[PDB]
$ cat query.cif   # mmCIF, C-alpha atoms and all ligand atoms
data_entry
loop_
_atom_site.group_PDB
_atom_site.id
_atom_site.type_symbol
_atom_site.label_atom_id
_atom_site.label_comp_id
_atom_site.auth_asym_id
_atom_site.auth_seq_id
_atom_site.Cartn_x
_atom_site.Cartn_y
_atom_site.Cartn_z
ATOM 1 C CA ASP I 50 -81.795 90.290 75.725
ATOM 2 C CA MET I 51 -80.756 87.471 78.106
ATOM 3 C CA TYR I 52 -81.623 83.803 77.376
ATOM 4 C CA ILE I 53 -81.378 80.362 79.038
ATOM 5 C CA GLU I 54 -79.920 76.998 77.881
ATOM 6 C CA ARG I 55 -80.309 73.700 79.789
ATOM 7 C CA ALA I 56 -77.009 72.541 81.293
ATOM 8 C CA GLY I 57 -78.074 69.305 83.054
ATOM 9 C CA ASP I 58 -80.026 67.576 85.846
ATOM 10 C CA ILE I 59 -79.904 68.444 89.528
ATOM 11 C CA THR I 60 -78.512 65.232 91.072
ATOM 12 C CA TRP I 61 -76.031 64.364 93.815
ATOM 13 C CA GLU I 62 -73.011 62.566 92.263
ATOM 14 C CA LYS I 63 -71.345 59.866 94.416
ATOM 15 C CA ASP I 64 -67.534 59.875 94.026
ATOM 16 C CA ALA I 65 -67.396 63.515 92.884
ATOM 17 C CA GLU I 66 -64.117 65.546 93.175
ATOM 18 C CA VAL I 67 -63.975 66.407 96.959
ATOM 19 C CA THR I 68 -62.067 69.671 97.596
ATOM 20 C CA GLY I 69 -62.329 72.997 99.513
ATOM 21 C CA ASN I 70 -61.867 74.166 103.109
ATOM 22 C CA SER I 71 -64.533 75.225 105.757
ATOM 23 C CA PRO I 72 -63.632 78.731 107.046
ATOM 24 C CA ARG I 73 -65.416 80.546 109.920
ATOM 25 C CA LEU I 74 -65.559 84.237 108.939
ATOM 26 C CA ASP I 75 -67.021 87.374 110.616
ATOM 27 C CA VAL I 76 -69.112 89.147 107.911
ATOM 28 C CA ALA I 77 -71.568 92.115 107.482
ATOM 29 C CA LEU I 78 -74.296 92.384 104.797
ATOM 30 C CA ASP I 79 -75.163 95.858 103.501
ATOM 31 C CA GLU I 80 -78.449 97.220 102.024
ATOM 32 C CA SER I 81 -77.114 96.465 98.477
ATOM 33 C CA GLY I 82 -76.672 92.726 99.209
ATOM 34 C CA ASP I 83 -72.869 92.981 99.386
ATOM 35 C CA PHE I 84 -70.947 91.044 102.033
ATOM 36 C CA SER I 85 -67.867 92.503 103.713
ATOM 37 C CA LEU I 86 -65.273 91.263 106.219
ATOM 38 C CA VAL I 87 -65.432 92.400 109.826
ATOM 39 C CA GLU I 88 -62.241 92.362 111.979
ATOM 40 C CA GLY Z 16 -90.160 77.441 75.806
ATOM 41 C CA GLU Z 17 -88.104 74.960 77.870
ATOM 42 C CA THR Z 18 -89.742 74.521 81.283
ATOM 43 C CA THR Z 19 -88.072 71.173 82.215
ATOM 44 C CA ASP Z 20 -86.642 70.922 85.769
ATOM 45 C CA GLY Z 21 -82.818 71.201 85.958
ATOM 46 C CA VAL Z 22 -79.844 73.602 85.930
ATOM 47 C CA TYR Z 23 -79.603 76.288 83.195
ATOM 48 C CA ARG Z 24 -76.999 78.727 81.840
ATOM 49 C CA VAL Z 25 -77.973 82.422 81.662
ATOM 50 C CA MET Z 26 -76.433 83.943 78.525
ATOM 51 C CA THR Z 27 -76.264 87.326 76.717
ATOM 52 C CA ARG Z 28 -75.450 88.494 73.149
ATOM 53 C CA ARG Z 29 -74.999 92.210 74.249
ATOM 54 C CA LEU Z 30 -71.203 91.790 74.606
ATOM 55 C CA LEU Z 31 -68.690 90.097 72.166
ATOM 56 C CA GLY Z 32 -70.081 86.739 70.979
ATOM 57 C CA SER Z 33 -72.301 84.866 73.477
ATOM 58 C CA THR Z 34 -71.275 85.506 77.092
ATOM 59 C CA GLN Z 35 -72.361 83.498 80.188
ATOM 60 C CA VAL Z 36 -73.427 85.971 82.911
ATOM 61 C CA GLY Z 37 -74.724 83.336 85.337
ATOM 62 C CA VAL Z 38 -76.618 80.084 86.037
ATOM 63 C CA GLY Z 39 -80.056 79.262 87.504
ATOM 64 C CA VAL Z 40 -82.402 76.480 88.637
ATOM 65 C CA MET Z 41 -85.703 75.530 86.995
ATOM 66 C CA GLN Z 42 -88.011 73.796 89.499
ATOM 67 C CA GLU Z 43 -91.794 73.508 89.577
ATOM 68 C CA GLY Z 44 -92.108 75.766 86.495
ATOM 69 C CA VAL Z 45 -90.108 78.534 88.288
ATOM 70 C CA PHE Z 46 -86.667 79.840 87.289
ATOM 71 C CA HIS Z 47 -84.523 80.783 90.310
ATOM 72 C CA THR Z 48 -81.267 82.763 89.966
ATOM 73 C CA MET Z 49 -79.207 85.499 91.723
ATOM 74 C CA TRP Z 50 -80.389 89.128 91.310
ATOM 75 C CA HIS Z 51 -76.947 90.392 90.217
ATOM 76 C CA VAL Z 52 -77.020 87.947 87.258
ATOM 77 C CA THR Z 53 -80.175 89.301 85.509
ATOM 78 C CA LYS Z 54 -80.731 92.638 87.367
ATOM 79 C CA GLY Z 55 -84.468 91.775 87.269
ATOM 80 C CA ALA Z 56 -84.562 91.838 83.415
ATOM 81 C CA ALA Z 57 -86.816 89.448 81.420
ATOM 82 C CA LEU Z 58 -85.413 86.148 80.157
ATOM 83 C CA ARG Z 59 -85.852 84.279 76.903
ATOM 84 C CA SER Z 60 -86.140 80.463 76.600
ATOM 85 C CA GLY Z 61 -86.235 79.555 72.925
ATOM 86 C CA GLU Z 62 -89.340 81.337 71.625
ATOM 87 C CA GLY Z 63 -90.885 81.769 75.131
ATOM 88 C CA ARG Z 64 -90.502 84.603 77.633
ATOM 89 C CA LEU Z 65 -89.918 84.447 81.393
ATOM 90 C CA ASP Z 66 -91.086 87.555 83.291
ATOM 91 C CA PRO Z 67 -89.758 88.259 86.834
ATOM 92 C CA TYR Z 68 -92.162 87.462 89.699
ATOM 93 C CA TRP Z 69 -90.279 88.084 92.948
ATOM 94 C CA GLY Z 70 -86.935 89.758 93.686
ATOM 95 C CA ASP Z 71 -84.816 91.291 96.454
ATOM 96 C CA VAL Z 72 -81.387 93.020 96.045
ATOM 97 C CA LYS Z 73 -80.360 92.395 99.710
ATOM 98 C CA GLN Z 74 -81.051 88.629 99.599
ATOM 99 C CA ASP Z 75 -79.561 88.825 95.986
ATOM 100 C CA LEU Z 76 -82.253 86.477 94.689
ATOM 101 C CA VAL Z 77 -84.888 86.508 91.917
ATOM 102 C CA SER Z 78 -87.647 84.113 90.689
ATOM 103 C CA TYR Z 79 -89.338 84.001 87.239
ATOM 104 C CA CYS Z 80 -92.877 82.737 86.354
ATOM 105 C CA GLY Z 81 -93.816 82.163 90.023
ATOM 106 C CA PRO Z 82 -92.819 82.450 93.676
ATOM 107 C CA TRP Z 83 -89.542 81.047 95.064
ATOM 108 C CA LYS Z 84 -89.928 77.194 95.367
ATOM 109 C CA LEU Z 85 -86.588 76.160 96.923
ATOM 110 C CA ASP Z 86 -86.969 75.486 100.683
ATOM 111 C CA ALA Z 87 -84.272 72.890 101.618
ATOM 112 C CA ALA Z 88 -81.569 73.949 104.109
ATOM 113 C CA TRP Z 89 -77.978 72.939 105.021
ATOM 114 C CA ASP Z 90 -78.047 70.864 108.249
ATOM 115 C CA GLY Z 91 -74.888 72.538 109.639
ATOM 116 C CA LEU Z 92 -73.088 69.180 109.703
ATOM 117 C CA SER Z 93 -72.772 67.223 106.453
ATOM 118 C CA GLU Z 94 -70.882 67.868 103.198
ATOM 119 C CA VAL Z 95 -72.657 69.331 100.213
ATOM 120 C CA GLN Z 96 -72.060 69.482 96.460
ATOM 121 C CA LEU Z 97 -71.725 72.579 94.323
ATOM 122 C CA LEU Z 98 -73.191 71.698 90.935
ATOM 123 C CA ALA Z 99 -70.870 74.207 89.250
ATOM 124 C CA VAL Z 100 -71.760 75.234 85.669
ATOM 125 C CA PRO Z 101 -68.718 77.274 84.476
ATOM 126 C CA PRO Z 102 -68.646 79.398 81.280
ATOM 127 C CA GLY Z 103 -67.903 77.238 78.207
ATOM 128 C CA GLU Z 104 -67.423 74.156 80.414
ATOM 129 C CA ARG Z 105 -69.676 71.174 81.290
ATOM 130 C CA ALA Z 106 -71.768 70.907 84.501
ATOM 131 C CA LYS Z 107 -69.637 69.425 87.320
ATOM 132 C CA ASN Z 108 -70.385 68.274 90.908
ATOM 133 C CA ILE Z 109 -67.827 69.399 93.495
ATOM 134 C CA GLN Z 110 -68.151 68.025 97.029
ATOM 135 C CA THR Z 111 -66.982 70.199 99.922
ATOM 136 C CA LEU Z 112 -67.751 70.814 103.614
ATOM 137 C CA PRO Z 113 -69.193 74.300 104.179
ATOM 138 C CA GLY Z 114 -67.800 76.871 106.575
ATOM 139 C CA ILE Z 115 -69.743 79.645 108.354
ATOM 140 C CA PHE Z 116 -70.485 83.316 107.702
ATOM 141 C CA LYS Z 117 -71.138 84.753 111.197
ATOM 142 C CA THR Z 118 -73.439 87.830 110.955
ATOM 143 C CA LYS Z 119 -75.339 90.092 113.438
ATOM 144 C CA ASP Z 120 -78.598 88.392 112.265
ATOM 145 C CA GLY Z 121 -77.381 84.773 112.553
ATOM 146 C CA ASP Z 122 -75.012 82.220 111.002
ATOM 147 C CA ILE Z 123 -75.090 81.073 107.336
ATOM 148 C CA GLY Z 124 -73.350 78.227 105.514
ATOM 149 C CA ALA Z 125 -70.524 79.140 103.140
ATOM 150 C CA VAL Z 126 -68.718 77.297 100.308
ATOM 151 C CA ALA Z 127 -65.007 77.990 99.664
ATOM 152 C CA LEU Z 128 -64.629 76.994 95.989
ATOM 153 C CA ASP Z 129 -63.073 79.302 93.364
ATOM 154 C CA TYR Z 130 -65.046 79.768 90.140
ATOM 155 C CA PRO Z 131 -65.489 82.577 87.563
ATOM 156 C CA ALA Z 132 -68.153 85.231 88.342
ATOM 157 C CA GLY Z 133 -70.205 83.736 85.433
ATOM 158 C CA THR Z 134 -70.726 80.608 87.605
ATOM 159 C CA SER Z 135 -73.123 82.756 89.851
ATOM 160 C CA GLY Z 136 -76.471 81.019 90.362
ATOM 161 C CA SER Z 137 -75.059 77.444 90.444
ATOM 162 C CA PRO Z 138 -77.047 75.347 92.941
ATOM 163 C CA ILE Z 139 -75.654 73.874 96.154
ATOM 164 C CA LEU Z 140 -77.090 70.410 96.905
ATOM 165 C CA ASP Z 141 -77.763 68.112 99.851
ATOM 166 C CA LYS Z 142 -77.324 64.261 99.843
ATOM 167 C CA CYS Z 143 -80.931 63.863 98.518
ATOM 168 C CA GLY Z 144 -80.260 66.179 95.536
ATOM 169 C CA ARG Z 145 -82.377 69.005 97.073
ATOM 170 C CA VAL Z 146 -81.280 72.612 96.393
ATOM 171 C CA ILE Z 147 -80.199 74.130 99.772
ATOM 172 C CA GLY Z 148 -79.034 77.442 98.211
ATOM 173 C CA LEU Z 149 -77.323 79.271 95.320
ATOM 174 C CA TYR Z 150 -73.597 80.036 94.846
ATOM 175 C CA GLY Z 151 -72.394 83.532 93.919
ATOM 176 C CA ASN Z 152 -72.754 85.993 96.805
ATOM 177 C CA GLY Z 153 -69.946 86.179 99.279
ATOM 178 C CA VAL Z 154 -66.622 87.715 100.133
ATOM 179 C CA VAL Z 155 -63.015 87.992 98.860
ATOM 180 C CA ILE Z 156 -60.426 86.758 101.377
ATOM 181 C CA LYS Z 157 -56.747 87.896 102.003
ATOM 182 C CA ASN Z 158 -55.549 85.570 99.219
ATOM 183 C CA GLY Z 159 -57.851 86.937 96.456
ATOM 184 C CA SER Z 160 -59.982 83.747 96.553
ATOM 185 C CA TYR Z 161 -63.818 83.901 96.795
ATOM 186 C CA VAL Z 162 -65.924 82.366 99.583
ATOM 187 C CA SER Z 163 -69.652 82.386 98.724
ATOM 188 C CA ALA Z 164 -72.588 82.055 101.101
ATOM 189 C CA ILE Z 165 -75.226 79.284 100.736
ATOM 190 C CA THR Z 166 -78.008 81.719 99.687
ATOM 191 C CA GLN Z 167 -81.521 80.350 100.100
ATOM 192 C CA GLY Z 168 -84.853 82.114 99.531
ATOM 193 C CA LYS Z 169 -88.065 81.727 101.535
ATOM 194 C CA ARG Z 170 -90.976 79.543 100.302
ATOM 195 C CA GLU Z 171 -94.466 80.964 101.072
HETATM 196 O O1 LIG I 201 -69.114 89.968 91.961
HETATM 197 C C1 LIG I 201 -69.619 88.911 92.326
HETATM 198 N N1 LIG I 201 -70.850 88.807 92.879
HETATM 199 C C2 LIG I 201 -71.807 89.818 93.095
HETATM 200 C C3 LIG I 201 -71.862 90.932 92.263
HETATM 201 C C4 LIG I 201 -72.767 91.945 92.524
HETATM 202 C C5 LIG I 201 -73.595 91.835 93.635
HETATM 203 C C6 LIG I 201 -73.535 90.727 94.467
HETATM 204 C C7 LIG I 201 -72.621 89.714 94.228
HETATM 205 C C8 LIG I 201 -74.536 90.885 95.573
HETATM 206 N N2 LIG I 201 -74.776 92.335 95.533
HETATM 207 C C9 LIG I 201 -74.671 92.757 94.125
HETATM 208 C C10 LIG I 201 -68.834 87.644 92.283
HETATM 209 C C11 LIG I 201 -67.446 87.665 92.329
HETATM 210 C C12 LIG I 201 -66.710 86.490 92.264
HETATM 211 C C13 LIG I 201 -67.412 85.295 92.148
HETATM 212 S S1 LIG I 201 -66.784 83.702 92.057
HETATM 213 N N3 LIG I 201 -68.293 83.007 91.894
HETATM 214 C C14 LIG I 201 -69.280 83.874 91.931
HETATM 215 C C15 LIG I 201 -68.814 85.259 92.081
HETATM 216 C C16 LIG I 201 -69.528 86.449 92.143
#
$ encode --input "query.cif" --output "structure tokens"
Amino acid sequence: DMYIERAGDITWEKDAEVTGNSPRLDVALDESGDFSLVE
Amino acid sequence: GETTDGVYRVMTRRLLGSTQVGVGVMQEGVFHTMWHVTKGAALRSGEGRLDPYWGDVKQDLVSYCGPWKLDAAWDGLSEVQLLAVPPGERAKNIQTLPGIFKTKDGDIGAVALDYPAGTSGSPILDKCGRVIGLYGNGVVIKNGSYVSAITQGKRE
């Protein structure tokens, strides 16, 4: 049996840790909801 | 049980100890998560029970207690925050600028942040704190890293 526990509020935090790139990728989505890379 | 708005951990006692399988959003009395997290199974919240209401394996989304309520969208321009809730670790806001998943049916926003698979269901937020999608369904790139889509449902 799965259960849920509250982990916090949904708020935007100013001065949060800013990281991560913005890639443009060619993808395909199958009937099972799985993404795959197209080349 | 607990119906308060906010971000929640999705846990299981089926494996060794208590394991975090995912994360979800409670909004307007509805629990929203990714389909691969729960597989459509019922959830427990203290003494209360959450039964599934809507689900779709292709969109990889599922709602509990009512229809999908999240309708905000990424504007294609500004930075967003991943309110990451990792297993055994505190909730944490991570700001990033999303990339693009180009598909035959249109473009989608994508966040390139690396987190354990148990972080699946963590909400992606806009500058007003509105949930523009859920983190956890994407692709593995040439360097083993994960790039997730900004997965949003449809509000009726
Ligand atoms: O395996 C994962 N995700 C997933 C599993 C099964 C299915 C789908 C997605 C959609 N169709 C069924 C995965 C892998 C790495 C990370 S890193 N953060 C989230 C995350 C999710």
$ interface_residues --input "query.cif" --of "chain Z" --to "chain I" --cutoff "8 Å" --atoms "only C-alpha atoms" --output "PyMOL selection string"
chain Z and resi 20-29+53+56-61+72-75+96+98+100+105-106+108-119+125-128+140-145+152-154
$ closest_residue --input "query.cif" --among "Z:107, Z:84, Z:47, Z:54" --to "ligand LIG 201 (chain I)" --atoms "only C-alpha atoms and all ligand atoms"
Z:54
$ closest_residue --input "query.cif" --among "Z:132, Z:31, Z:36, Z:146" --to "residue Z:83" --atoms "all atoms listed in the file"
Z:146
$ atom_distance --input "query.cif" --atom1 "atom CA of residue Z:157" --atom2 "atom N3 of ligand LIG 201 (chain I)"
16.1 Å
$ axis_aligned_box --input "query.cif" --around "stretch 120-139 of chain Z" --padding-each-side "3 Å" --output "JSON"
{"center_x": -70.8, "center_y": 81.1, "center_z": 99.0, "size_x": 21.5, "size_y": 20.5, "size_z": 33.1}
$ atom_distance --input "query.cif" --atom1 "atom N3 of ligand LIG 201 (chain I)" --atom2 "atom CA of residue Z:156"
12.9 Å
$ closest_atom_pairs --input "query.cif" --of "chain Z" --to "ligand LIG 201 (chain I)" --cutoff "9 Å" --atoms "only C-alpha atoms and all ligand atoms" --output "Markdown table"
| residue | atom | partner | partner_atom | distance |
| --- | --- | --- | --- | --- |
| Z:37 | CA | I:LIG201 | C14 | 8.6 |
| Z:49 | CA | I:LIG201 | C8 | 8.1 |
| Z:50 | CA | I:LIG201 | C9 | 7.3 |
| Z:51 | CA | I:LIG201 | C5 | 5.0 |
| Z:52 | CA | I:LIG201 | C3 | 7.8 |
| Z:72 | CA | I:LIG201 | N2 | 6.7 |
| Z:73 | CA | I:LIG201 | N2 | 7.0 |
| Z:74 | CA | I:LIG201 | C8 | 8.0 |
| Z:75 | CA | I:LIG201 | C8 | 5.4 |
| Z:76 | CA | I:LIG201 | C8 | 8.9 |
| Z:128 | CA | I:LIG201 | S1 | 8.1 |
| Z:129 | CA | I:LIG201 | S1 | 5.9 |
| Z:130 | CA | I:LIG201 | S1 | 4.7 |
| Z:131 | CA | I:LIG201 | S1 | 4.8 |
| Z:132 | CA | I:LIG201 | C15 | 3.8 |
| Z:133 | CA | I:LIG201 | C14 | 6.6 |
| Z:134 | CA | I:LIG201 | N3 | 5.5 |
| Z:135 | CA | I:LIG201 | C14 | 4.5 |
| Z:136 | CA | I:LIG201 | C14 | 7.9 |
| Z:137 | CA | I:LIG201 | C14 | 8.8 |
| Z:150 | CA | I:LIG201 | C14 | 6.5 |
| Z:151 | CA | I:LIG201 | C14 | 3.7 |
| Z:152 | CA | I:LIG201 | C7 | 4.5 |
| Z:153 | CA | I:LIG201 | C7 | 6.7 |
| Z:154 | CA | I:LIG201 | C11 | 7.8 |
| Z:155 | CA | I:LIG201 | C12 | 7.7 |
| Z:160 | CA | I:LIG201 | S1 | 8.2 |
| Z:161 | CA | I:LIG201 | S1 | 5.6 |
| Z:162 | CA | I:LIG201 | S1 | 7.7 |
| Z:163 | CA | I:LIG201 | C14 | 7.0 |
$ write_last_selection --input "query.cif" --atoms "C-alpha atoms" --output "PDB file, in the coordinates of the input"
ATOM      1  CA  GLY Z  37     -74.724  83.336  85.337  1.00  0.00           C
ATOM      2  CA  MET Z  49     -79.207  85.499  91.723  1.00  0.00           C
ATOM      3  CA  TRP Z  50     -80.389  89.128  91.310  1.00  0.00           C
ATOM      4  CA  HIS Z  51     -76.947  90.392  90.217  1.00  0.00           C
ATOM      5  CA  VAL Z  52     -77.020  87.947  87.258  1.00  0.00           C
ATOM      6  CA  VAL Z  72     -81.387  93.020  96.045  1.00  0.00           C
ATOM      7  CA  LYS Z  73     -80.360  92.395  99.710  1.00  0.00           C
ATOM      8  CA  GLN Z  74     -81.051  88.629  99.599  1.00  0.00           C
ATOM      9  CA  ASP Z  75     -79.561  88.825  95.986  1.00  0.00           C
ATOM     10  CA  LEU Z  76     -82.253  86.477  94.689  1.00  0.00           C
ATOM     11  CA  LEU Z 128     -64.629  76.994  95.989  1.00  0.00           C
ATOM     12  CA  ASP Z 129     -63.073  79.302  93.364  1.00  0.00           C
ATOM     13  CA  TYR Z 130     -65.046  79.768  90.140  1.00  0.00           C
ATOM     14  CA  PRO Z 131     -65.489  82.577  87.563  1.00  0.00           C
ATOM     15  CA  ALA Z 132     -68.153  85.231  88.342  1.00  0.00           C
ATOM     16  CA  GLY Z 133     -70.205  83.736  85.433  1.00  0.00           C
ATOM     17  CA  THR Z 134     -70.726  80.608  87.605  1.00  0.00           C
ATOM     18  CA  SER Z 135     -73.123  82.756  89.851  1.00  0.00           C
ATOM     19  CA  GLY Z 136     -76.471  81.019  90.362  1.00  0.00           C
ATOM     20  CA  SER Z 137     -75.059  77.444  90.444  1.00  0.00           C
ATOM     21  CA  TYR Z 150     -73.597  80.036  94.846  1.00  0.00           C
ATOM     22  CA  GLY Z 151     -72.394  83.532  93.919  1.00  0.00           C
ATOM     23  CA  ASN Z 152     -72.754  85.993  96.805  1.00  0.00           C
ATOM     24  CA  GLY Z 153     -69.946  86.179  99.279  1.00  0.00           C
ATOM     25  CA  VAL Z 154     -66.622  87.715 100.133  1.00  0.00           C
ATOM     26  CA  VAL Z 155     -63.015  87.992  98.860  1.00  0.00           C
ATOM     27  CA  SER Z 160     -59.982  83.747  96.553  1.00  0.00           C
ATOM     28  CA  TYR Z 161     -63.818  83.901  96.795  1.00  0.00           C
ATOM     29  CA  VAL Z 162     -65.924  82.366  99.583  1.00  0.00           C
ATOM     30  CA  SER Z 163     -69.652  82.386  98.724  1.00  0.00           C
TER      31      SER Z 163
END
$ atom_distance --input "query.cif" --atom1 "atom CA of residue Z:138" --atom2 "atom CA of residue Z:97"
6.2 Å
$ closest_residue --input "query.cif" --among "Z:18, Z:68, Z:149, Z:159" --to "residue Z:43" --atoms "all atoms listed in the file"
Z:18
$ closest_residue --input "query.cif" --among "Z:102, Z:62, Z:70, Z:55" --to "residue Z:33" --atoms "all atoms listed in the file"
Z:102
$ residues_near_point --input "query.cif" --point "(-88.1, 84.5, 86.0)" --cutoff "8 Å" --atoms "all atoms listed in the file" --output "list in words"
residues 45, 46, 47, 57, 58, 65, 66, 67, 68, 77, 78, 79, 80 and 81 of chain Z
$ write_last_selection --input "query.cif" --atoms "C-alpha atoms" --output "short mmCIF file (atom, residue, chain, number, x, y, z; two decimals), in the coordinates of the input"
data_model
loop_
_atom_site.label_atom_id
_atom_site.label_comp_id
_atom_site.auth_asym_id
_atom_site.auth_seq_id
_atom_site.Cartn_x
_atom_site.Cartn_y
_atom_site.Cartn_z
CA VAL Z 45 -90.11 78.53 88.29
CA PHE Z 46 -86.67 79.84 87.29
CA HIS Z 47 -84.52 80.78 90.31
CA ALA Z 57 -86.82 89.45 81.42
CA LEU Z 58 -85.41 86.15 80.16
CA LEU Z 65 -89.92 84.45 81.39
CA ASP Z 66 -91.09 87.56 83.29
CA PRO Z 67 -89.76 88.26 86.83
CA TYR Z 68 -92.16 87.46 89.70
CA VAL Z 77 -84.89 86.51 91.92
CA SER Z 78 -87.65 84.11 90.69
CA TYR Z 79 -89.34 84.00 87.24
CA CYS Z 80 -92.88 82.74 86.35
CA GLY Z 81 -93.82 82.16 90.02
#
$ decode --input "query.cif" --residues "stretch 94-121 of chain Z" --atoms "C-alpha atoms" --output "PDB file, in the first residue's frame"
ATOM      1  CA  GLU Z  94      13.091  30.702 -16.204  1.00  0.00           C
ATOM      2  CA  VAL Z  95      11.198  28.302 -14.001  1.00  0.00           C
ATOM      3  CA  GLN Z  96      11.822  26.523 -10.699  1.00  0.00           C
ATOM      4  CA  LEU Z  97      11.822  22.798 -10.075  1.00  0.00           C
ATOM      5  CA  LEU Z  98      10.513  22.308  -6.546  1.00  0.00           C
ATOM      6  CA  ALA Z  99      12.547  19.105  -6.209  1.00  0.00           C
ATOM      7  CA  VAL Z 100      11.590  16.758  -3.337  1.00  0.00           C
ATOM      8  CA  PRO Z 101      14.389  14.111  -3.293  1.00  0.00           C
ATOM      9  CA  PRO Z 102      14.255  10.841  -1.286  1.00  0.00           C
ATOM     10  CA  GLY Z 103      15.284  11.417   2.356  1.00  0.00           C
ATOM     11  CA  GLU Z 104      16.091  15.078   1.613  1.00  0.00           C
ATOM     12  CA  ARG Z 105      14.190  18.359   2.202  1.00  0.00           C
ATOM     13  CA  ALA Z 106      12.101  20.164  -0.470  1.00  0.00           C
ATOM     14  CA  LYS Z 107      14.354  22.475  -2.536  1.00  0.00           C
ATOM     15  CA  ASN Z 108      13.698  25.101  -5.262  1.00  0.00           C
ATOM     16  CA  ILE Z 109      16.074  24.923  -8.233  1.00  0.00           C
ATOM     17  CA  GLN Z 110      15.866  27.685 -10.844  1.00  0.00           C
ATOM     18  CA  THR Z 111      16.736  26.829 -14.445  1.00  0.00           C
ATOM     19  CA  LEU Z 112      15.853  27.910 -18.002  1.00  0.00           C
ATOM     20  CA  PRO Z 113      14.007  25.151 -19.883  1.00  0.00           C
ATOM     21  CA  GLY Z 114      15.060  23.706 -23.214  1.00  0.00           C
ATOM     22  CA  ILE Z 115      12.784  22.151 -25.867  1.00  0.00           C
ATOM     23  CA  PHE Z 116      11.628  18.643 -26.764  1.00  0.00           C
ATOM     24  CA  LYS Z 117      10.767  18.888 -30.492  1.00  0.00           C
ATOM     25  CA  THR Z 118       8.126  16.244 -31.418  1.00  0.00           C
ATOM     26  CA  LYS Z 119       5.944  15.444 -34.499  1.00  0.00           C
ATOM     27  CA  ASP Z 120       2.921  16.807 -32.527  1.00  0.00           C
ATOM     28  CA  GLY Z 121       4.547  20.068 -31.350  1.00  0.00           C
TER      29      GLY Z 121
END
